[PDB]
Amino acid sequence: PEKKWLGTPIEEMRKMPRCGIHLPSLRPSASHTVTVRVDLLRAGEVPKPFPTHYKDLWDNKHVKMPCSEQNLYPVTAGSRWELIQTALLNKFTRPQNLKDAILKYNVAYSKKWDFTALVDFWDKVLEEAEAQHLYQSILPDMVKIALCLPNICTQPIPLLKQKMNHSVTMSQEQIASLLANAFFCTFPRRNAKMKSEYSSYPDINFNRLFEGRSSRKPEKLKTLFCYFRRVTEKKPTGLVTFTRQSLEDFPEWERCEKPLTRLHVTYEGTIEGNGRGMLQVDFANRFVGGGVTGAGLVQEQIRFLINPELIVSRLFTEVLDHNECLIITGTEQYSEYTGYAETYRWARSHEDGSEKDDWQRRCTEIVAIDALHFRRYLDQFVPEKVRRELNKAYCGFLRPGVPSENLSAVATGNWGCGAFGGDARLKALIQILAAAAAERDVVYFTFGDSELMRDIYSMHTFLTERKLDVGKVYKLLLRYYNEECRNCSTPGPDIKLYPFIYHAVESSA
Ligand SMILES: Nc1ncnc2c1ncn2[C@@H]1O[C@H](COP(=O)(O)O)[C@@H](O)[C@H]1O[C@H]1O[C@H](COP(=O)(O)O)[C@@H](O)[C@H]1O
């Protein structure tokens, strides 16, 4: 019978906090927005905002806050925030009470936003006692933190636009307020389908969480209400950093002399569970988070639901271009789940026991890197497409300025494979080569595919023992393309990639 894991023992891999650099004092800079009082930051205490009082910016460089005086609405043009306050400061006892509240300042979507999933969750899924707790405690507590936004999020939040290399660090507390606003659908200019300014950003308002008849919706609702109950009952004290990274220059893949690094590969375990303290890959949509409140419930959405603080990146993160990624450090896990996609179920609250770094960020680092979709299988072997995926992965893994010995292993798996069209064996090798270029080790989860585990180890062991560096491996991929793919008249070649690599090397001088 197969072994459960192969390669370097997972305990020998680097992880946070042990491997981390000594952090300089947290401070704002031209590259780093920081929305809390760094001099007052103390372990276990709720961070205080900077500035002390609300400052507004309503422009094309910053989040358009619902509490802005420039957020206007017909009442003559009146304050939309005053309308939001009035709508939400009402008793809810029936689901239509919450619908009608949200629609008071979203009149234009009265027909377009269905609330069937909210109604059925409230009336059918929840027992009487749980519904009562929802409407007597949770929802009013959520309203309270939502309407505290201007006192909590005092500093304008910059948009992380394409090409920016920039970080925003905010408190978990600040994020809870923003997410409660998202729940009540309060963010202006983020709703219309013919929207202009924000067409290149993901959705942020949670309206689609309430729509349709999917058996998925109640599970998303339980998962998010789990979060909201936690943060309203006990205010979180940590910080979270969101970093957009965009590289213009990449390895010379055909000539790269860096050796392959260590591999641990296994068909059991999870990225979020067994890759604790490691760089955890989110198989992202380029609109980070993808359909987190929509239909989608695969690897990304699941992660955005169990660590809901990730969802706030949608407020300010422009769609990723080919050479970009989003790095999020410090999100907390609030829920546990069982299953996946159509079998996903909220299981219970999670009490996150992760250590915090010196900026009071949980030692949990997640990187969103979007694979390409391959609607024609052979497209992915074309060198341009190999390079694209190498470069995307490389960008997700590289930490400029940071010594390699201070980098954790990368915890990843079958990125963009399955119904997205990626080839698992090609994608494994791509991420192994990108990790090698970034001088990181790899922890690879094959999620039940033991033969794939075996094949990836065998290949990695062969290339390692035969001392082929990144460039030599890359050159073999170009050989496979040129000799077996370029003129292939079938959907896939007769000779597969790993068999080709073995034969090529075994045939060589
Ligand atoms: N994220 C931040 N951005 C900008 N300044 C900050 C931040 N965090 C702390 N400071 C400031 O850096 C200083 C610490 O610098 P040292 O550690 O080197 O000494 C802090 O005192 C903070 O000062 C400002 O906040 C205060 C607001 O006061 P009221 O508006 O309520 O009157 C005011 O003093 C103002 O100057």
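Residues 442-516, 524-957, in that order, are what chain A shows, numbered as in Swiss-Prot.
Using the three backbone atoms N, Cα and C, a Cβ is placed for every residue, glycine included.
Per Swiss-Prot, active site is recorded for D730, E748, and the stated evidence type is similarity to another entry. Summarising the annotation, Swiss-Prot assigns substrate binding site to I719, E720, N733, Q747, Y788, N862, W863, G864, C865, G866, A867.
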Secondary structure of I719 (substrate binding site) (DSSP, helix/strand/coil): helix
Length of the line joining the Cα atoms of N733 (substrate binding site) and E748 (active site), in Å: 8
Neighbour count (Cβ, 10 Å) for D730 (active site): 28
Flanking Cα pair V516 / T524, between which 7 residues have no modelled coordinates, distance in Å: 6
From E748, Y788, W863, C865, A867: recorded positions whose CA lies within 10 A of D730 (active site): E748, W863
Neighbour count (Cβ, 10 Å) for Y788 (substrate binding site): 13
Of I719, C865, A867 (the binding-site residues), the residue whose Cβ has the fewest other Cβ atoms within 10 Å: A867
Reduced DSSP assignment, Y788 (substrate binding site): coil
Alpha-carbon spacing, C865 (substrate binding site) to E748 (active site), which is rounded to whole Å: 13
Conformational class of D730 (active site) under the three-state DSSP mapping: strand
C-beta crowding around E748 (active site), within 10 angstroms: 21
Pairwise Cα distance maximum in Å, substrate-binding residues per record: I719, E720, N733, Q747, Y788, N862, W863, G864, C865, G866, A867: 22
Between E748 (active site) and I719 (substrate binding site), the C-alpha gap once rounded to whole angstrom: 12
Proximal but sequence-remote residues of the same chain as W863 (substrate binding site) (Cβ under 8 Å, at least 6 apart): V729, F731, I817, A819, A841, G870, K875, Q879
Number of Cβ atoms other than its own within 10 Å, given for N733 (substrate binding site): 21
